[PDB]
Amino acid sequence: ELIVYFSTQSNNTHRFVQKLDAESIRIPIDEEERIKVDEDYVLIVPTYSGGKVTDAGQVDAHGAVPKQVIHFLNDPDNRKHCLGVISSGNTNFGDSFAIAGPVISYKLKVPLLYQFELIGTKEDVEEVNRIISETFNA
C-alpha cells in the first residue's frame, strides 16, 4: 500500500494523509524538484482552480491540478503506476469542488475513488484506509 500526495504550505492534504495507514510519498512544493516512484500508488491531490467559471457560466477547471502534480504525471514511469485518484478541496467552490480528481481520472483512465474536504473527517480517514486497502488487494 502506497500513497503519492501533493500539499501546499497550508498542509491540509498533508495533515489528512498523515492520519492514513498506508506509506506516503510527497510530491515536492518546489516546482524544480522532481520525484520518481517505482511502485503502484493511489494519488491524493487538492484542487486549485479557484472556482472559476466561463463567460457562459460553466466550470473553468484551468489550474485545478497543481503544476507540481502535472509535472509528476507527465513522466510515463510515474503515470503507469497510478491505480486511482482521490481529490480534495472545499465545497464552498460549488461545482468546482474537488475537480482535480475527475480531471486526472479521465486523462489517466483510472477510477476517482474518493473526494473529501480540507483535512478530512474521521469518517474520511476510515473510508480512504478501506478504499486504498481494497484497491491494493485487487
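One rule holds for the numbers: they count along the sequence shown, beginning at 1.
- Compared with other deposited structures of the same protein, residue 64 does not meet the criterion of being unmodelled in at least one third, since all of those that resolve residues on both sides include it.
- Compared against other deposited entries of this protein, residue 47 counts as consistently modelled, with coordinates in all of those that resolve the residues around it and thus below the third mark.
- Taking the PDB entry as given, 31-39 carries the higher mean Cα B factor of the two stretches 31-39 and 57-65.
- A summary of the deposited B-factors shows that, of 128-136 and 1-9, the stretch with the larger mean C-alpha value is 128-136.
- Comparing the C-alpha B-factors of 51, 76, 111, 89 in the entry, the top value falls on 76.
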